[PDB]
>>> print(open('protein-v8.pdb').read())   # PDB, C-alpha atoms
ATOM      1  CA  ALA X   1       7.765  44.097  23.750  1.00  0.00           C
ATOM      2  CA  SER X   2       9.836  41.160  24.958  1.00  0.00           C
ATOM      3  CA  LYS X   3      11.050  37.813  23.659  1.00  0.00           C
ATOM      4  CA  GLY X   4       8.994  35.935  26.241  1.00  0.00           C
ATOM      5  CA  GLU X   5       5.855  37.477  24.730  1.00  0.00           C
ATOM      6  CA  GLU X   6       6.331  35.283  21.637  1.00  0.00           C
ATOM      7  CA  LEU X   7       5.942  32.125  23.736  1.00  0.00           C
ATOM      8  CA  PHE X   8       2.277  32.979  24.298  1.00  0.00           C
ATOM      9  CA  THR X   9       0.917  33.049  20.760  1.00  0.00           C
ATOM     10  CA  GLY X  10      -1.896  30.609  20.192  1.00  0.00           C
ATOM     11  CA  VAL X  11      -2.812  28.233  22.989  1.00  0.00           C
ATOM     12  CA  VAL X  12      -0.419  27.052  25.704  1.00  0.00           C
ATOM     13  CA  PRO X  13      -1.088  24.035  27.954  1.00  0.00           C
ATOM     14  CA  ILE X  14      -1.103  24.714  31.686  1.00  0.00           C
ATOM     15  CA  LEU X  15      -0.274  22.498  34.661  1.00  0.00           C
ATOM     16  CA  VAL X  16      -0.976  23.663  38.234  1.00  0.00           C
ATOM     17  CA  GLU X  17       0.243  21.776  41.302  1.00  0.00           C
ATOM     18  CA  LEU X  18      -0.545  22.993  44.825  1.00  0.00           C
ATOM     19  CA  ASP X  19       0.454  21.447  48.143  1.00  0.00           C
ATOM     20  CA  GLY X  20      -1.338  23.052  51.072  1.00  0.00           C
ATOM     21  CA  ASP X  21      -1.451  22.868  54.858  1.00  0.00           C
ATOM     22  CA  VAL X  22      -4.194  24.933  56.558  1.00  0.00           C
ATOM     23  CA  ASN X  23      -4.342  24.637  60.361  1.00  0.00           C
ATOM     24  CA  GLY X  24      -2.638  21.246  59.951  1.00  0.00           C
ATOM     25  CA  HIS X  25      -5.131  19.983  57.338  1.00  0.00           C
ATOM     26  CA  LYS X  26      -2.890  18.973  54.442  1.00  0.00           C
ATOM     27  CA  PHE X  27      -4.135  18.675  50.875  1.00  0.00           C
ATOM     28  CA  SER X  28      -3.007  18.718  47.248  1.00  0.00           C
ATOM     29  CA  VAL X  29      -4.659  20.060  44.096  1.00  0.00           C
ATOM     30  CA  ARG X  30      -3.779  19.383  40.481  1.00  0.00           C
ATOM     31  CA  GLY X  31      -5.126  21.521  37.673  1.00  0.00           C
ATOM     32  CA  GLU X  32      -4.798  21.223  33.937  1.00  0.00           C
ATOM     33  CA  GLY X  33      -6.004  23.274  31.030  1.00  0.00           C
ATOM     34  CA  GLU X  34      -4.952  25.884  28.528  1.00  0.00           C
ATOM     35  CA  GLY X  35      -4.351  29.592  28.148  1.00  0.00           C
ATOM     36  CA  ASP X  36      -4.858  31.970  25.201  1.00  0.00           C
ATOM     37  CA  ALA X  37      -3.133  35.222  26.121  1.00  0.00           C
ATOM     38  CA  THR X  38      -4.186  36.881  22.854  1.00  0.00           C
ATOM     39  CA  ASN X  39      -7.741  36.763  24.248  1.00  0.00           C
ATOM     40  CA  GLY X  40      -6.821  36.828  27.946  1.00  0.00           C
ATOM     41  CA  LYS X  41      -8.609  33.488  28.282  1.00  0.00           C
ATOM     42  CA  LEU X  42      -7.906  30.603  30.655  1.00  0.00           C
ATOM     43  CA  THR X  43      -9.804  27.322  30.959  1.00  0.00           C
ATOM     44  CA  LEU X  44      -8.800  24.909  33.714  1.00  0.00           C
ATOM     45  CA  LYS X  45     -10.140  21.999  35.743  1.00  0.00           C
ATOM     46  CA  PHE X  46      -8.783  21.359  39.241  1.00  0.00           C
ATOM     47  CA  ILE X  47      -9.074  18.154  41.243  1.00  0.00           C
ATOM     48  CA  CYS X  48      -8.170  17.560  44.869  1.00  0.00           C
ATOM     49  CA  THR X  49      -5.798  14.586  44.878  1.00  0.00           C
ATOM     50  CA  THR X  50      -6.116  14.020  48.644  1.00  0.00           C
ATOM     51  CA  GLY X  51      -9.885  13.441  48.833  1.00  0.00           C
ATOM     52  CA  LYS X  52     -11.945  16.429  49.961  1.00  0.00           C
ATOM     53  CA  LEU X  53     -10.600  19.950  50.213  1.00  0.00           C
ATOM     54  CA  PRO X  54     -10.432  21.259  53.803  1.00  0.00           C
ATOM     55  CA  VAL X  55     -11.079  24.822  52.644  1.00  0.00           C
ATOM     56  CA  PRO X  56     -13.539  26.099  50.047  1.00  0.00           C
ATOM     57  CA  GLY X  57     -12.300  25.848  46.484  1.00  0.00           C
ATOM     58  CA  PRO X  58     -13.073  29.510  45.777  1.00  0.00           C
ATOM     59  CA  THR X  59     -10.518  30.552  48.412  1.00  0.00           C
ATOM     60  CA  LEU X  60      -7.819  28.909  46.269  1.00  0.00           C
ATOM     61  CA  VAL X  61      -8.692  30.432  42.884  1.00  0.00           C
ATOM     62  CA  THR X  62      -6.260  33.336  43.062  1.00  0.00           C
ATOM     63  CA  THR X  63      -3.427  31.053  44.147  1.00  0.00           C
ATOM     64  CA  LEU X  64      -4.129  28.443  41.447  1.00  0.00           C
ATOM     65  CA  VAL X  68      -0.793  32.456  35.942  1.00  0.00           C
ATOM     66  CA  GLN X  69      -1.030  36.156  35.191  1.00  0.00           C
ATOM     67  CA  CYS X  70       1.257  35.641  32.185  1.00  0.00           C
ATOM     68  CA  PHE X  71      -1.993  34.769  30.336  1.00  0.00           C
ATOM     69  CA  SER X  72      -3.419  38.285  30.781  1.00  0.00           C
ATOM     70  CA  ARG X  73      -4.276  40.202  27.625  1.00  0.00           C
ATOM     71  CA  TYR X  74      -2.128  43.322  27.473  1.00  0.00           C
ATOM     72  CA  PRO X  75      -3.506  45.761  24.879  1.00  0.00           C
ATOM     73  CA  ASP X  76      -1.112  46.968  22.183  1.00  0.00           C
ATOM     74  CA  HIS X  77      -0.163  50.242  23.882  1.00  0.00           C
ATOM     75  CA  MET X  78       0.463  48.367  27.139  1.00  0.00           C
ATOM     76  CA  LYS X  79       2.737  45.539  25.964  1.00  0.00           C
ATOM     77  CA  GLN X  80       5.853  47.294  27.296  1.00  0.00           C
ATOM     78  CA  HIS X  81       4.296  46.877  30.773  1.00  0.00           C
ATOM     79  CA  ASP X  82       3.863  43.064  30.705  1.00  0.00           C
ATOM     80  CA  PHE X  83       6.347  41.849  33.306  1.00  0.00           C
ATOM     81  CA  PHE X  84       4.908  38.337  33.496  1.00  0.00           C
ATOM     82  CA  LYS X  85       5.603  37.271  29.918  1.00  0.00           C
ATOM     83  CA  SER X  86       8.958  39.095  29.822  1.00  0.00           C
ATOM     84  CA  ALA X  87      10.260  36.808  32.587  1.00  0.00           C
ATOM     85  CA  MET X  88       9.587  33.711  30.472  1.00  0.00           C
ATOM     86  CA  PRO X  89      10.653  31.005  29.890  1.00  0.00           C
ATOM     87  CA  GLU X  90      12.807  30.981  33.032  1.00  0.00           C
ATOM     88  CA  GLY X  91       9.770  32.278  34.900  1.00  0.00           C
ATOM     89  CA  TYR X  92       9.059  34.094  38.121  1.00  0.00           C
ATOM     90  CA  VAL X  93       8.416  33.481  41.790  1.00  0.00           C
ATOM     91  CA  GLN X  94       5.000  34.688  42.928  1.00  0.00           C
ATOM     92  CA  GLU X  95       4.503  35.130  46.694  1.00  0.00           C
ATOM     93  CA  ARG X  96       1.366  36.213  48.472  1.00  0.00           C
ATOM     94  CA  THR X  97      -0.135  36.890  51.823  1.00  0.00           C
ATOM     95  CA  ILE X  98      -3.918  36.514  51.792  1.00  0.00           C
ATOM     96  CA  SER X  99      -5.530  37.868  54.943  1.00  0.00           C
ATOM     97  CA  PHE X 100      -9.106  36.738  55.505  1.00  0.00           C
ATOM     98  CA  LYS X 101     -10.875  39.425  57.513  1.00  0.00           C
ATOM     99  CA  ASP X 102     -11.702  38.169  60.999  1.00  0.00           C
ATOM    100  CA  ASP X 103     -10.111  34.821  60.185  1.00  0.00           C
ATOM    101  CA  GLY X 104      -6.810  33.236  59.197  1.00  0.00           C
ATOM    102  CA  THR X 105      -4.116  33.936  56.630  1.00  0.00           C
ATOM    103  CA  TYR X 106      -2.697  32.069  53.638  1.00  0.00           C
ATOM    104  CA  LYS X 107       0.985  32.377  52.757  1.00  0.00           C
ATOM    105  CA  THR X 108       1.854  31.223  49.259  1.00  0.00           C
ATOM    106  CA  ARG X 109       5.045  30.732  47.266  1.00  0.00           C
ATOM    107  CA  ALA X 110       4.821  29.616  43.660  1.00  0.00           C
ATOM    108  CA  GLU X 111       7.162  29.211  40.732  1.00  0.00           C
ATOM    109  CA  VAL X 112       5.608  29.928  37.341  1.00  0.00           C
ATOM    110  CA  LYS X 113       7.749  28.785  34.427  1.00  0.00           C
ATOM    111  CA  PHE X 114       7.854  26.765  31.240  1.00  0.00           C
ATOM    112  CA  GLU X 115       8.743  23.089  31.557  1.00  0.00           C
ATOM    113  CA  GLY X 116       9.056  22.025  27.958  1.00  0.00           C
ATOM    114  CA  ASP X 117       6.052  23.513  26.194  1.00  0.00           C
ATOM    115  CA  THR X 118       3.866  23.541  29.344  1.00  0.00           C
ATOM    116  CA  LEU X 119       3.378  26.613  31.517  1.00  0.00           C
ATOM    117  CA  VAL X 120       3.627  25.217  35.057  1.00  0.00           C
ATOM    118  CA  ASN X 121       2.465  26.881  38.274  1.00  0.00           C
ATOM    119  CA  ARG X 122       3.878  24.972  41.293  1.00  0.00           C
ATOM    120  CA  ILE X 123       2.680  26.319  44.663  1.00  0.00           C
ATOM    121  CA  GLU X 124       3.262  25.700  48.371  1.00  0.00           C
ATOM    122  CA  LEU X 125       0.539  27.161  50.597  1.00  0.00           C
ATOM    123  CA  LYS X 126       0.386  27.446  54.377  1.00  0.00           C
ATOM    124  CA  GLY X 127      -2.683  28.615  56.281  1.00  0.00           C
ATOM    125  CA  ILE X 128      -2.682  29.614  59.938  1.00  0.00           C
ATOM    126  CA  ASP X 129      -4.994  31.112  62.563  1.00  0.00           C
ATOM    127  CA  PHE X 130      -8.213  29.908  60.933  1.00  0.00           C
ATOM    128  CA  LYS X 131     -11.380  29.536  62.979  1.00  0.00           C
ATOM    129  CA  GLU X 132     -12.698  25.974  62.995  1.00  0.00           C
ATOM    130  CA  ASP X 133     -16.266  27.332  62.788  1.00  0.00           C
ATOM    131  CA  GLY X 134     -15.460  30.323  60.545  1.00  0.00           C
ATOM    132  CA  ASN X 135     -16.364  30.825  56.902  1.00  0.00           C
ATOM    133  CA  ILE X 136     -13.295  29.003  55.579  1.00  0.00           C
ATOM    134  CA  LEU X 137     -12.876  25.857  57.708  1.00  0.00           C
ATOM    135  CA  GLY X 138     -16.649  25.794  58.234  1.00  0.00           C
ATOM    136  CA  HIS X 139     -17.300  25.794  54.458  1.00  0.00           C
ATOM    137  CA  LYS X 140     -19.770  28.663  54.496  1.00  0.00           C
ATOM    138  CA  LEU X 141     -18.676  30.271  51.212  1.00  0.00           C
ATOM    139  CA  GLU X 142     -20.803  30.145  48.097  1.00  0.00           C
ATOM    140  CA  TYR X 143     -19.508  28.365  45.005  1.00  0.00           C
ATOM    141  CA  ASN X 144     -19.103  31.415  42.796  1.00  0.00           C
ATOM    142  CA  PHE X 145     -16.604  34.177  42.069  1.00  0.00           C
ATOM    143  CA  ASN X 146     -16.703  37.931  41.636  1.00  0.00           C
ATOM    144  CA  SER X 147     -14.801  40.149  39.223  1.00  0.00           C
ATOM    145  CA  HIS X 148     -11.822  41.993  40.677  1.00  0.00           C
ATOM    146  CA  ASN X 149      -9.024  44.396  39.758  1.00  0.00           C
ATOM    147  CA  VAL X 150      -5.378  43.531  40.534  1.00  0.00           C
ATOM    148  CA  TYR X 151      -3.362  46.726  41.122  1.00  0.00           C
ATOM    149  CA  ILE X 152       0.264  46.380  39.968  1.00  0.00           C
ATOM    150  CA  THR X 153       3.292  48.576  40.602  1.00  0.00           C
ATOM    151  CA  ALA X 154       6.932  48.067  39.717  1.00  0.00           C
ATOM    152  CA  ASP X 155       9.486  46.898  42.318  1.00  0.00           C
ATOM    153  CA  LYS X 156      12.716  48.003  40.635  1.00  0.00           C
ATOM    154  CA  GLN X 157      14.960  46.863  43.500  1.00  0.00           C
ATOM    155  CA  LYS X 158      13.791  43.251  43.044  1.00  0.00           C
ATOM    156  CA  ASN X 159      13.599  43.511  39.239  1.00  0.00           C
ATOM    157  CA  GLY X 160       9.930  42.624  39.573  1.00  0.00           C
ATOM    158  CA  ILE X 161       6.494  43.835  40.625  1.00  0.00           C
ATOM    159  CA  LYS X 162       4.159  44.056  43.569  1.00  0.00           C
ATOM    160  CA  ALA X 163       0.390  43.957  43.614  1.00  0.00           C
ATOM    161  CA  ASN X 164      -2.444  44.544  46.050  1.00  0.00           C
ATOM    162  CA  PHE X 165      -6.109  43.704  45.693  1.00  0.00           C
ATOM    163  CA  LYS X 166      -9.213  42.648  47.618  1.00  0.00           C
ATOM    164  CA  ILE X 167     -11.155  39.481  46.828  1.00  0.00           C
ATOM    165  CA  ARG X 168     -14.800  39.352  47.935  1.00  0.00           C
ATOM    166  CA  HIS X 169     -16.143  35.848  48.595  1.00  0.00           C
ATOM    167  CA  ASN X 170     -19.911  35.635  48.897  1.00  0.00           C
ATOM    168  CA  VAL X 171     -21.030  33.895  52.114  1.00  0.00           C
ATOM    169  CA  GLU X 172     -24.107  31.668  52.442  1.00  0.00           C
ATOM    170  CA  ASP X 173     -25.713  34.162  54.879  1.00  0.00           C
ATOM    171  CA  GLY X 174     -25.590  37.046  52.411  1.00  0.00           C
ATOM    172  CA  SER X 175     -22.456  38.589  53.889  1.00  0.00           C
ATOM    173  CA  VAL X 176     -19.121  38.952  52.106  1.00  0.00           C
ATOM    174  CA  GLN X 177     -15.829  37.450  53.299  1.00  0.00           C
ATOM    175  CA  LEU X 178     -12.960  39.777  52.399  1.00  0.00           C
ATOM    176  CA  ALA X 179      -9.570  38.324  51.472  1.00  0.00           C
ATOM    177  CA  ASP X 180      -6.913  41.040  51.255  1.00  0.00           C
ATOM    178  CA  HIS X 181      -4.126  40.051  48.858  1.00  0.00           C
ATOM    179  CA  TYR X 182      -0.509  41.232  48.995  1.00  0.00           C
ATOM    180  CA  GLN X 183       1.613  39.972  46.107  1.00  0.00           C
ATOM    181  CA  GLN X 184       5.234  40.142  44.993  1.00  0.00           C
ATOM    182  CA  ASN X 185       6.791  38.650  41.852  1.00  0.00           C
ATOM    183  CA  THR X 186      10.492  38.299  41.116  1.00  0.00           C
ATOM    184  CA  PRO X 187      12.203  36.769  38.066  1.00  0.00           C
ATOM    185  CA  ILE X 188      13.885  33.400  38.329  1.00  0.00           C
ATOM    186  CA  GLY X 189      16.382  34.180  35.561  1.00  0.00           C
ATOM    187  CA  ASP X 190      18.955  36.954  35.223  1.00  0.00           C
ATOM    188  CA  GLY X 191      17.796  38.388  31.901  1.00  0.00           C
ATOM    189  CA  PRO X 192      16.189  41.800  31.522  1.00  0.00           C
ATOM    190  CA  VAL X 193      12.475  42.086  32.225  1.00  0.00           C
ATOM    191  CA  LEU X 194       9.859  44.762  31.637  1.00  0.00           C
ATOM    192  CA  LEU X 195       9.180  46.886  34.718  1.00  0.00           C
ATOM    193  CA  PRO X 196       5.715  48.433  34.370  1.00  0.00           C
ATOM    194  CA  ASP X 197       4.094  51.724  35.060  1.00  0.00           C
ATOM    195  CA  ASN X 198       1.202  51.452  37.509  1.00  0.00           C
ATOM    196  CA  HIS X 199      -1.770  49.618  36.022  1.00  0.00           C
ATOM    197  CA  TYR X 200      -4.291  46.912  36.865  1.00  0.00           C
ATOM    198  CA  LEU X 201      -5.574  43.575  35.612  1.00  0.00           C
ATOM    199  CA  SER X 202      -9.346  43.384  35.200  1.00  0.00           C
ATOM    200  CA  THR X 203     -10.323  39.805  36.027  1.00  0.00           C
ATOM    201  CA  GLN X 204     -13.596  37.987  35.474  1.00  0.00           C
ATOM    202  CA  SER X 205     -14.073  34.381  36.477  1.00  0.00           C
ATOM    203  CA  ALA X 206     -16.792  31.775  36.145  1.00  0.00           C
ATOM    204  CA  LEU X 207     -16.841  28.619  38.285  1.00  0.00           C
ATOM    205  CA  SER X 208     -18.734  25.461  37.394  1.00  0.00           C
ATOM    206  CA  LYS X 209     -18.901  21.750  38.137  1.00  0.00           C
ATOM    207  CA  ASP X 210     -18.738  18.778  35.796  1.00  0.00           C
ATOM    208  CA  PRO X 211     -21.988  16.828  36.372  1.00  0.00           C
ATOM    209  CA  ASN X 212     -20.231  13.485  35.764  1.00  0.00           C
ATOM    210  CA  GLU X 213     -17.326  14.130  38.177  1.00  0.00           C
ATOM    211  CA  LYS X 214     -17.280  12.481  41.613  1.00  0.00           C
ATOM    212  CA  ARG X 215     -13.918  13.879  42.684  1.00  0.00           C
ATOM    213  CA  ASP X 216     -13.798  17.176  44.563  1.00  0.00           C
ATOM    214  CA  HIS X 217     -13.125  19.600  41.759  1.00  0.00           C
ATOM    215  CA  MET X 218     -13.542  23.028  40.191  1.00  0.00           C
ATOM    216  CA  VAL X 219     -13.991  24.043  36.541  1.00  0.00           C
ATOM    217  CA  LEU X 220     -12.806  27.587  35.863  1.00  0.00           C
ATOM    218  CA  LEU X 221     -13.080  29.965  32.937  1.00  0.00           C
ATOM    219  CA  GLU X 222     -11.324  33.307  33.298  1.00  0.00           C
ATOM    220  CA  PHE X 223     -10.867  36.394  31.147  1.00  0.00           C
ATOM    221  CA  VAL X 224      -8.206  38.922  32.209  1.00  0.00           C
ATOM    222  CA  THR X 225      -7.325  42.222  30.527  1.00  0.00           C
ATOM    223  CA  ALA X 226      -4.739  44.798  31.558  1.00  0.00           C
ATOM    224  CA  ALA X 227      -5.917  48.397  31.843  1.00  0.00           C
ATOM    225  CA  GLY X 228      -5.185  51.750  33.420  1.00  0.00           C
TER
END
>>> encode(input="protein-v8.pdb", output="structure tokens")
Amino acid sequence: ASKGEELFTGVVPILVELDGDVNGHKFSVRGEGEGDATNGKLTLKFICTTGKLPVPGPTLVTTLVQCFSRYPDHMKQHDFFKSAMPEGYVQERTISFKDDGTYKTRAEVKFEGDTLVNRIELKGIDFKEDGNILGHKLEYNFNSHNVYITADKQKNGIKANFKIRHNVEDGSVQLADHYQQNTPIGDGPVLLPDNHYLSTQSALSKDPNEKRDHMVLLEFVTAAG
């Protein structure tokens, strides 16, 4: 166990702020909601604050707080994410869309007062203007995935790799290969885990009364392996 674990009892409010630039198309997203790590449950609504998103919302889900994962009792010594709190951690990814461009992300995940904040900068390059991403050919839905985690002792953090499968309107699947690294912001001791994975399930919806470009998300995440 860790002291940071105690910050996640009950429900914790969440704020997500993303500034993005994909092939020169700049955009911002703001998300708000709550997380219940006891149940591995997240509920969030995201709005684009710059009009219409220039990429499909589903391509941003993984970028838009793994500290809310449910770690079963025998696995709590392997929960790096909560152990880094409240000072938090930097989460960096490369997301390589097969036959298309790449996202590079850097986020800081930390408590600001009683709110768990995820603040992200995203850059996208080498996208095809008529591809699945800039051409908005991805379905508005999300599959279940496993996030494979290993310790990175030299950085006092973790790495992860996983594949996201985005359904395409033509019945194909757009692969997005994810490379992830997380490093603590503070200098305190953290939990460095044995190899394991996070089993993620996500459901996307829309608010019928909402005219802004938005996404409603419900997620359940449980550590295993």
>>> resolve_selection(input="protein-v8.pdb", expression="the PyMOL selection byres ((chain X and resi 138) around 12)", output="number ranges by chain")
X: 53-56, 103, 130-137, 139-142, 171-172
>>> closest_atom_pairs(input="protein-v8.pdb", of="range 7-75 of chain X", to="range 209-223 of chain X", cutoff="12 Å", atoms="all atoms listed in the file", output="JSON lines")
{"residue": "X:27", "atom": "CA", "partner": "X:216", "partner_atom": "CA", "distance": 11.6}
{"residue": "X:28", "atom": "CA", "partner": "X:216", "partner_atom": "CA", "distance": 11.2}
{"residue": "X:29", "atom": "CA", "partner": "X:217", "partner_atom": "CA", "distance": 8.8}
{"residue": "X:30", "atom": "CA", "partner": "X:217", "partner_atom": "CA", "distance": 9.4}
{"residue": "X:31", "atom": "CA", "partner": "X:218", "partner_atom": "CA", "distance": 8.9}
{"residue": "X:32", "atom": "CA", "partner": "X:219", "partner_atom": "CA", "distance": 10.0}
{"residue": "X:33", "atom": "CA", "partner": "X:220", "partner_atom": "CA", "distance": 9.4}
{"residue": "X:34", "atom": "CA", "partner": "X:221", "partner_atom": "CA", "distance": 10.1}
{"residue": "X:35", "atom": "CA", "partner": "X:222", "partner_atom": "CA", "distance": 9.4}
{"residue": "X:36", "atom": "CA", "partner": "X:223", "partner_atom": "CA", "distance": 9.5}
{"residue": "X:37", "atom": "CA", "partner": "X:223", "partner_atom": "CA", "distance": 9.3}
{"residue": "X:38", "atom": "CA", "partner": "X:223", "partner_atom": "CA", "distance": 10.7}
{"residue": "X:39", "atom": "CA", "partner": "X:223", "partner_atom": "CA", "distance": 7.6}
{"residue": "X:40", "atom": "CA", "partner": "X:223", "partner_atom": "CA", "distance": 5.2}
{"residue": "X:41", "atom": "CA", "partner": "X:223", "partner_atom": "CA", "distance": 4.7}
{"residue": "X:42", "atom": "CA", "partner": "X:222", "partner_atom": "CA", "distance": 5.1}
{"residue": "X:43", "atom": "CA", "partner": "X:221", "partner_atom": "CA", "distance": 4.7}
{"residue": "X:44", "atom": "CA", "partner": "X:220", "partner_atom": "CA", "distance": 5.3}
{"residue": "X:45", "atom": "CA", "partner": "X:219", "partner_atom": "CA", "distance": 4.4}
{"residue": "X:46", "atom": "CA", "partner": "X:218", "partner_atom": "CA", "distance": 5.1}
{"residue": "X:47", "atom": "CA", "partner": "X:217", "partner_atom": "CA", "distance": 4.3}
{"residue": "X:48", "atom": "CA", "partner": "X:216", "partner_atom": "CA", "distance": 5.6}
{"residue": "X:49", "atom": "CA", "partner": "X:216", "partner_atom": "CA", "distance": 8.4}
{"residue": "X:50", "atom": "CA", "partner": "X:216", "partner_atom": "CA", "distance": 9.3}
{"residue": "X:51", "atom": "CA", "partner": "X:216", "partner_atom": "CA", "distance": 6.9}
{"residue": "X:52", "atom": "CA", "partner": "X:216", "partner_atom": "CA", "distance": 5.8}
{"residue": "X:53", "atom": "CA", "partner": "X:216", "partner_atom": "CA", "distance": 7.1}
{"residue": "X:54", "atom": "CA", "partner": "X:216", "partner_atom": "CA", "distance": 10.6}
{"residue": "X:55", "atom": "CA", "partner": "X:216", "partner_atom": "CA", "distance": 11.5}
{"residue": "X:56", "atom": "CA", "partner": "X:218", "partner_atom": "CA", "distance": 10.3}
{"residue": "X:57", "atom": "CA", "partner": "X:218", "partner_atom": "CA", "distance": 7.0}
{"residue": "X:58", "atom": "CA", "partner": "X:218", "partner_atom": "CA", "distance": 8.6}
{"residue": "X:59", "atom": "CA", "partner": "X:218", "partner_atom": "CA", "distance": 11.5}
{"residue": "X:60", "atom": "CA", "partner": "X:218", "partner_atom": "CA", "distance": 10.2}
{"residue": "X:61", "atom": "CA", "partner": "X:220", "partner_atom": "CA", "distance": 8.6}
{"residue": "X:62", "atom": "CA", "partner": "X:222", "partner_atom": "CA", "distance": 11.0}
{"residue": "X:64", "atom": "CA", "partner": "X:220", "partner_atom": "CA", "distance": 10.4}
{"residue": "X:68", "atom": "CA", "partner": "X:222", "partner_atom": "CA", "distance": 10.9}
{"residue": "X:69", "atom": "CA", "partner": "X:223", "partner_atom": "CA", "distance": 10.6}
{"residue": "X:71", "atom": "CA", "partner": "X:223", "partner_atom": "CA", "distance": 9.1}
{"residue": "X:72", "atom": "CA", "partner": "X:223", "partner_atom": "CA", "distance": 7.7}
{"residue": "X:73", "atom": "CA", "partner": "X:223", "partner_atom": "CA", "distance": 8.4}
{"residue": "X:74", "atom": "CA", "partner": "X:223", "partner_atom": "CA", "distance": 11.7}
>>> resolve_selection(input="protein-v8.pdb", expression="the PyMOL selection byres ((chain X and resi 144) around 8)", output="PyMOL selection string")
chain X and resi 58+142-143+145-146+169-170+206-207
>>> atom_distance(input="protein-v8.pdb", atom1="CA of residue 179 in chain X", atom2="CA of residue 166 in chain X")
5.8 Å
>>> residues_near_point(input="protein-v8.pdb", point="(-1.7, 48.3, 24.9)", cutoff="12 Å", atoms="all atoms listed in the file", output="ChimeraX atom specification")
/X:1,38,72-82,199,225-228
>>> axis_aligned_box(input="protein-v8.pdb", around="range 102-121 of chain X", padding_each_side="8 Å", output="JSON")
{"center_x": -1.3, "center_y": 30.1, "center_z": 43.6, "size_x": 36.8, "size_y": 32.1, "size_z": 50.8}
>>> residues_around(input="protein-v8.pdb", residues="residue 185 in chain X", least_positions_apart="4", cutoff="6 Å", atoms="only C-alpha atoms", output="JSON, numbers by chain")
{"X": [93, 94, 160, 161]}
>>> atom_distance(input="protein-v8.pdb", atom1="CA of residue 129 in chain X", atom2="CA of residue 105 in chain X")
6.6 Å
>>> atom_distance(input="protein-v8.pdb", atom1="CA of residue 121 in chain X", atom2="CA of residue 16 in chain X")
4.7 Å
>>> closest_residue(input="protein-v8.pdb", among="X:91, X:20, X:196, X:13", to="residue 153 in chain X", atoms="only C-alpha atoms")
X:196
>>> build_atoms(input="protein-v8.pdb", residues="range 184-195 of chain X", atoms="N, CA and C atoms", output="PDB file, in the coordinates of the input")
ATOM      1  N   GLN X 184       3.968  39.708  45.566  1.00  0.00           N
ATOM      2  CA  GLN X 184       5.234  40.142  44.993  1.00  0.00           C
ATOM      3  C   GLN X 184       5.711  39.092  43.989  1.00  0.00           C
ATOM      4  N   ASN X 185       6.291  39.550  42.886  1.00  0.00           N
ATOM      5  CA  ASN X 185       6.791  38.650  41.852  1.00  0.00           C
ATOM      6  C   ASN X 185       8.214  39.043  41.518  1.00  0.00           C
ATOM      7  N   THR X 186       9.098  38.055  41.440  1.00  0.00           N
ATOM      8  CA  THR X 186      10.492  38.299  41.116  1.00  0.00           C
ATOM      9  C   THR X 186      10.965  37.289  40.074  1.00  0.00           C
ATOM     10  N   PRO X 187      11.779  37.707  39.112  1.00  0.00           N
ATOM     11  CA  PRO X 187      12.203  36.769  38.066  1.00  0.00           C
ATOM     12  C   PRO X 187      13.084  35.674  38.636  1.00  0.00           C
ATOM     13  N   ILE X 188      12.993  34.510  38.011  1.00  0.00           N
ATOM     14  CA  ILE X 188      13.885  33.400  38.329  1.00  0.00           C
ATOM     15  C   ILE X 188      15.210  33.560  37.605  1.00  0.00           C
ATOM     16  N   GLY X 189      15.175  34.013  36.353  1.00  0.00           N
ATOM     17  CA  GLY X 189      16.382  34.180  35.561  1.00  0.00           C
ATOM     18  C   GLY X 189      17.030  35.538  35.778  1.00  0.00           C
ATOM     19  N   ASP X 190      18.166  35.736  35.096  1.00  0.00           N
ATOM     20  CA  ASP X 190      18.955  36.954  35.223  1.00  0.00           C
ATOM     21  C   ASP X 190      18.770  37.910  34.057  1.00  0.00           C
ATOM     22  N   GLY X 191      17.987  37.540  33.053  1.00  0.00           N
ATOM     23  CA  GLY X 191      17.796  38.388  31.901  1.00  0.00           C
ATOM     24  C   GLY X 191      16.969  39.621  32.211  1.00  0.00           C
ATOM     25  N   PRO X 192      16.983  40.591  31.304  1.00  0.00           N
ATOM     26  CA  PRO X 192      16.189  41.800  31.522  1.00  0.00           C
ATOM     27  C   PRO X 192      14.705  41.498  31.410  1.00  0.00           C
ATOM     28  N   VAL X 193      13.923  42.231  32.195  1.00  0.00           N
ATOM     29  CA  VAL X 193      12.475  42.086  32.225  1.00  0.00           C
ATOM     30  C   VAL X 193      11.881  43.471  32.038  1.00  0.00           C
ATOM     31  N   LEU X 194      10.586  43.504  31.744  1.00  0.00           N
ATOM     32  CA  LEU X 194       9.859  44.762  31.637  1.00  0.00           C
ATOM     33  C   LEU X 194       9.331  45.147  33.012  1.00  0.00           C
ATOM     34  N   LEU X 195       9.673  46.361  33.460  1.00  0.00           N
ATOM     35  CA  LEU X 195       9.180  46.886  34.718  1.00  0.00           C
ATOM     36  C   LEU X 195       8.086  47.900  34.424  1.00  0.00           C
TER      37      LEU X 195
END
